[PDB]
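Results of the structural survey
So you can see what is in the structure, the chains are spelled out below.
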Amino acid sequence: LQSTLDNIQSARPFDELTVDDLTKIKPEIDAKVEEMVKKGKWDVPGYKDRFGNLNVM
Amino acid sequence: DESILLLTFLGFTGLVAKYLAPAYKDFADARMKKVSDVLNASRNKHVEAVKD
Amino acid sequence: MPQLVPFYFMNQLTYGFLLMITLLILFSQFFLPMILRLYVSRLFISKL
Amino acid sequence: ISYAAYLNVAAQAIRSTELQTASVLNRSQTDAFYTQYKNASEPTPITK
Amino acid sequence: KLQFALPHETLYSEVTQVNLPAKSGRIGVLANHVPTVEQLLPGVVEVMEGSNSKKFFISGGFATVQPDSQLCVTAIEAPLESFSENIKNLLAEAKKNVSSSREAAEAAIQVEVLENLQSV
Amino acid sequence: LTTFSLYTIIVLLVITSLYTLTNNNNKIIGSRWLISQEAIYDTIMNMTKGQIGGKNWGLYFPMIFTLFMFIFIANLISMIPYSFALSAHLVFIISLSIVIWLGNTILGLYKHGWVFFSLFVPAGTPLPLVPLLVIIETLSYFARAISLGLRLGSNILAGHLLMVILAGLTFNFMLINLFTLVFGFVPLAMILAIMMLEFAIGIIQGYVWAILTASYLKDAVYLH
Amino acid sequence: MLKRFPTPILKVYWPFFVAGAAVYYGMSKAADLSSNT
Amino acid sequence: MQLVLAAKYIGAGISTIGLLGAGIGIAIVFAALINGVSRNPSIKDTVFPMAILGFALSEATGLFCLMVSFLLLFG
Amino acid sequence: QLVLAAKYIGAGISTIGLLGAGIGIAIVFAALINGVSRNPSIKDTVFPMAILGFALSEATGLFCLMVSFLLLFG
Amino acid sequence: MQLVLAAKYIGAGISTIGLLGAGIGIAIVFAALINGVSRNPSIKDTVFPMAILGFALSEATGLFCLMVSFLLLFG
Amino acid sequence: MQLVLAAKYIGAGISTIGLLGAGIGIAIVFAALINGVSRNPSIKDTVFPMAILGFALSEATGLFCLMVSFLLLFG
Amino acid sequence: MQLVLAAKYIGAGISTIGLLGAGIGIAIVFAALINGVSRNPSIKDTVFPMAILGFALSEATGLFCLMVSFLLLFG
Amino acid sequence: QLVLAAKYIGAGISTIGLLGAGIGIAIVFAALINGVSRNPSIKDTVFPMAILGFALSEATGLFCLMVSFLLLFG
């Protein structure tokens, strides 16, 4: 845990973050994306549940 | 005839750049900040979890 | 009106309906799922 | 149900986070038995 | 001068802007307003004295601009923060109450309160 | 071949730029430009989940999206001072509308059988006006066939023609004597205001298409 | 930048595509008639 | 011949009057939206879809009128 | 000749009839918006009744329009 | 002859004008229905048979007018 | 030619009638705005985008009459 | 020629009709102002700008009509 | 001749324009009466508003009237 805490502090993409970086460190990203395209639902709660969702309407 | 129309378009882009372009910059900025703050919040949160 | 009566109606219309099929596929397989990457990425960030 | 009874039920519901003082709690629930009467004759008390 | 009062408290017993939820929708009073009698519905209420703003959650009551510029507001209970999670727990119960069940009407009032909570 | 063909290609390449360099390689944080295409996504997520919400709403979410964006781009490009009738070539727009309307009628017949014709029984109204209400429900159902196309087409066509007709008139205002050339700018400011309105109503119409062909699909998927 | 995740809902858009085909043929005949007088 | 071409342009002018009705109609719907919102500010999300729907439906009839006009005008 | 002129004129006059429908539709939709703002909750019942009313108002306008095409084309 | 035939088409166009009132009429009936029902939530069961009567009657004037338009044109 | 040219100028005048509906229309939207703001004292932040939306749309139908009017008048 | 000259003077007259709508329109904006300020006296400072704005926009539609009238009168 | 007839006809058409203005003035005054009757006291603020509203409505009517005069007189 000491080591993991250090790993979060000295390397962390958060002042520049591309979906390529999250896809690269976690293929869980692409797995979930693919499952959602397969699901045929393009609403995912997780985008609007803390991250914004301003909309014209 | 159509040079009058092109003049109208030049005026149109002038008004757009006067009023809308700084407004859209500010709007975009505001959202960008919000996304960033949430993102950085999540980073803090997992740091807490390690300590917990 | 010449802009509503060419003789090129079917010619134009062929190129027109081709653009629709192209865009439909283009959105569906490519450009919509790259926004869905933003959605899913946000939910993983939500988890962490 | 009367208008003020309508408001009353709403007020009671409104006393729900907890922080609720004794005066609130007394203002939320009270015990009484309205004793209906006829002419002497008494339809026996029933909780208000 | 505004008057805001409850049986067990007195809150403002004019005051610059007051926003009120009424039978007639929502009503606003700013300085002098013409004299009204309006029954306040179960409500979210805002009172502003200058730019300073205070937000009240109100159980419905009565509103009356008097023709002497006294906005008499009387209601059973008003701080909105105090009302604000335990209420969410209650809302589950209130849905349950509507199911079995004057008691029916009461449970309907609980639904009204549930709507009133959703605004918070 | 046609001029029209070249501008249809230009529309495709514009739309590509909205998801290729409007994107910041897909930055999670989001860029000023890519925030725009998030908001469009959200108001159509919440609109087509709102309209054609149900078990299937995401299944028609790309279709309503390519109907939004096409019209959204084709009413800015056609509003460039020299740029050709695509949406003022009504025959393509109305044809596209009739195709979608037919693709609803067929979708409804196919998915919801011959009780698709129960869509044109609006309600269980008293029996002496039941046959009348079948006749003037099917009539209005294929008034929907042409209304959707004629909405977009008329708006765009009228806008360009209004601007051009006024441009020619003010040309002749500034061609006649100098006392008219003094106060030659005052009608011009009116044309500028009209150009602002025509850009606005093209985006409003762009929302209106995509809600209407969600509304027709709302009727078609969920019976009645 | 670009990424592709297939959405197999092209058979969901079968009535839409079918309607397009019917109109292509009918508009071909209409186009031939309008290109005369 | 002139009589036919004249009648075409006259018929066009006459038809155009029909658009006015739709013009009033749009205003009536938007007036309703404003009044509804002011009477209940939390109505706003429920009313907004209905408002856009109603606008379009109102507009179409005027545009039908305009199409008859264009059928004459453009020929 | 004169017959051709006559159909064009008659078609023009009939098109004015659409005016009533443009107002009509709006009165139904206005009442829908007003009703829903009055109740906060009526919309599920009322919205079907409103779509029926819309159709009927529109239908009258469509009678004008079909009469116009019958005049104009023959 | 030419004048009489002409008068059929022109007269028919003029005849079509009357329809506008009935269209507006129907909208007024439905407006009152919506408005009333929003007040009560529950008047609607009483009000619905009354409303259908009102619809038929408002519509009817338009149908009489439409009949005259066809009679003038074809006959 | 004088007949056909006279028909153009007349037909323009006829089209001009159509503008009136929009003219009343603008006012109706603004009347709702003024009333609504008077009801709430404070709704205006929400309502003002809606008011502009309503104004533009009503006006646009009016402009469609105008573009036909000028198409006949000049053209 | 007599036909064309007649057409100018006639066509002008037809245009003048459109203005009637604008007259009503202006009044509607003022009516709302009076009622609005009446309902809350202190709404005036916000509302009076809105009223003059509404007047101007309603008037503008009228202006376009009146322009067509003057064009038919004088060219 | 035809042009002189046309002057008189045209003038007549312009007279139609006046109906709207008559309605317009009344609407401003109706609001005045309603407003005053509502307040007993708004009247002094409202009275300059009412005069302004009358004048502007009337002005559109005046435009109809002067066009008529130009057509009558020539």
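Per the PDB record, this model was obtained through cryo-EM at a reported resolution of 4.4 Å.

Looking at the Subcellular location heading of the UniProt record, one finds this comment for chain G: "Mitochondrion membrane". Of the comments in the UniProt record for chain G, the one headed Sequence similarities reads "Belongs to the ATPase j subunit family."

Per the PDB entry, chain B goes by ATP synthase subunit 4 and derives from Saccharomyces cerevisiae.

We now examine the overall build of chain B. Broken down by element type, chain B carries one helix and zero strands. A globule of 52 residues ought to have a C-alpha radius of gyration of about 10 Å, yet chain B, at 22 Å, is considerably larger.

Here the focus is the overall build of chain G. Secondary structure summary: chain G contains one helix and zero strands in total. In terms of principal-axis extent, the alpha carbons of chain G reach across some 50 × 25 × 5 Å.

A separate point is the UniProt feature "transmembrane region" in chain G. Mapped onto this numbering, the UniProt entry annotates "transmembrane region" at residues 9–25 of chain G. Counting secondary structure, residues 9–25 of chain G comes out at 71% helix and 0% strand; the distance between its end C-alpha atoms is 25 Å.

Looking now at the interface of chain I and chain H. The interface is formed by nine residues belonging to chain I together with eight residues belonging to chain H. Elements that contribute at least two residues to the side of chain I that touches chain H include exactly α1 (2–15) and α2 (18–38) of chain I. Looking at the side of chain I that touches chain H, the element that brings in the most residues is α2(I), giving five residues. Class assignment of the residues belonging to the side of chain I that touches chain H gives a composition of six nonpolar, three polar and no charged.

Among the 17 pairs of chains in contact, the pair with the most contacts is chains H and I. Taking C-alpha atoms as the reference, chain E and chain I come no closer than 8 Å and do not contact one another.

What follows covers the pairing of strand β6 (residues 52–58) of chain E. All names here are of chain E. As paired strands, strand β5 (residues 43–49) and β6 are joined by seven bridges and run antiparallel to one another. Following the sheet pairing, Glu49 is matched in β6 by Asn52. Hairpin geometry of β5 and β6 is characterised by an intervening segment of two residues between the two adjacent antiparallel strands and by a positive phi of about 45° at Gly50.

The next thing to look at is the interface of chain H and chain K. Each partner contributes residues to the interface: chain H has eight residues there, and chain K has seven residues. Elements with a minimum of two residues in the side of chain H that touches chain K: α1 (2–15) and α2 (19–39) of chain H. Here the side of chain H that touches chain K gets four residues from one element, more than from any other, and that element is α2(H). Its residues assigned to classes, the side of chain H that touches chain K shows five nonpolar, three polar and no charged.

What follows is about the packing of α1(H) against α1(I). As a packed pair, α1(H) and α1(I) sit with axes 7 Å apart at the nearest point and diverge in direction by 5°. In terms of their interaxial angle, α1(H) and α1(I) are classed as roughly parallel. Listed contacts from α1(I) to H:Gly11, H:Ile14 and H:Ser15 of α1(H) are I:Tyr8, I:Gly12 and I:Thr15. When its residues are assigned to classes, the contact of α1(H) with α1(I) shows two nonpolar, four polar and no charged.

So, on to unusual backbone geometry. Residues other than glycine seldom take positive phi values, yet F:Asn26 does so here, at roughly 70°. As for its placement among the helices and strands, F:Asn26 is situated in the loop between α1 (3–17) and α2 (34–51). Its identity as a non-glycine residue notwithstanding, I:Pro40 has a phi of 45°, on the positive side. Within the secondary structure, I:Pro40 is located in the loop between α2 and α3 (43–72).

A word on the packing of α2(H) against α2(I). In contact at an axis separation of 6 Å, α2(H) and α2(I) are set at 10° when each is read in the N-to-C sense. Looking at the two axes, α2(H) sits roughly parallel to α2(I). For the pair α2(H) and α2(I), the contacting residues are H:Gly21, H:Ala22 and H:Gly25 in the first and I:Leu19, I:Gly22, I:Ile23 and I:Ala26 in the second. The class makeup of the residues in the contact of α2(H) with α2(I) is four nonpolar, three polar and no charged.

Moving on: the pairing of strand β2 (residues 17–22) of chain E. All names here are of chain E. Note that β2 and strand β3 (residues 25–30) share six bridges and pair antiparallel. The partner of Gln17 across the bridge, within β3, is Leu30. Taken together, β2 and the strand that follows it, β3, pair antiparallel across an intervening segment of two residues. Judged from the three bridges that link them, β2 and β5 form a sheet pairing that is antiparallel. Bridging from a neighbouring strand, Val18 pairs with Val47 of β5.

Now for the environment of I:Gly12. By the secondary structure assignment, I:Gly12 is in helix α1. Sequence separation between I:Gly12 and I:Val36 is 24 residues; the distance between their C-alpha atoms is 39 Å. For I:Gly12, the contacting residues outside a window of four places in its chain are H:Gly11, H:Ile14 and H:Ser15.

A few words now on the environment of L:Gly21. As for its position among the elements, L:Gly21 is in helix α2 (residues 19–39). Put simply, L:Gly21 and L:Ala6 are 15 residues apart on the chain and 25 Å apart in space, counted from C-alpha to C-alpha. In this view, L:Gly21 contacts K:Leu20 and K:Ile24; residues no more than four positions away in its chain are not counted.

What counts as what
Residues numbered from 1 in each chain as written, not as in the entry; some residues may be left out. Chains lettered and ligands numbered in written order. Part of a larger assembly, values for the part shown. Heavy atoms only, no water. Residues with missing side-chain atoms left out of burial classes, pairs and counts. UniProt positions renumbered as here; feature names shortened; annotations may be inferred. Helix = DSSP H or I, 4+ residues; strand = E, 2+ residues; numbered from the N terminus. Rg over C-alpha atoms; globule rule 2.2 N^0.38 Å. Contact = heavy atoms within 4.5 Å. Nonpolar A, V, L, I, M, F, W, Y, C, P; charged D, E, K, R; others polar. Pairing = 2+ DSSP bridges. Axes fitted to C-alpha atoms, helices over the stretch in contact; angles between N-to-C directions. Parallel < 35°, antiparallel > 145°, perpendicular 65-115°, else oblique.

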